[PDB]
């Protein structure tokens, strides 16, 4: 992948996380579970939905072929009509098929980037209070309960609060 996360340094997806495109898996004394990052998932849903709707809107005109007939002495204008209708058919077939291939590539990259950025967002908060395993997982140098976990997920993790404990366990 272009951003290296999906099928990258995070080798696979989670069938266990069913409520979102992007999220977390935590482990502590209270056990383990999956949680979707609601913000990044919803933002992506809105964007992709906007993209699909935009494509649909731009494709919402139709070239219309006619049932008009042409006599034996109208081969030229008859062939003119055929080449015209076939012409626009080829143009729109091209436009649709090329757009789909292009947007599919970019859509997948978008998801890849969102995962990458979500990872970065956690790495930034945790700093050296956790150990980066290189697979998108962080091992805390301190005890991180359910509310500590949730603070990481909602971007309000308190690094100074666990700094001294982490340092001691790290060193």
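Residue numbers count along the first chain shown, from 1.
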Stretch with the higher entry mean CA B-factor, where the candidates are 122-130 and 34-42: 122-130
Could you check the entry and say whether 66-74 or 48-56 has the higher mean CA B-factor? 66-74
Residue 160: CA B-factor among chain residues, third -> highest
Using only modelled residues of the chain, where does the Cα B factor of residue 5 rank: lowest third, middle third or highest third? lowest
Which third, lowest, middle or highest, does the C-alpha temperature factor of residue 106 belong to within its own chain? lowest
How does the C-alpha B factor of residue 26 compare with the rest of the chain: lowest, middle or highest third? middle
For residue 145, the third of its chain into which the C-alpha B factor falls: highest
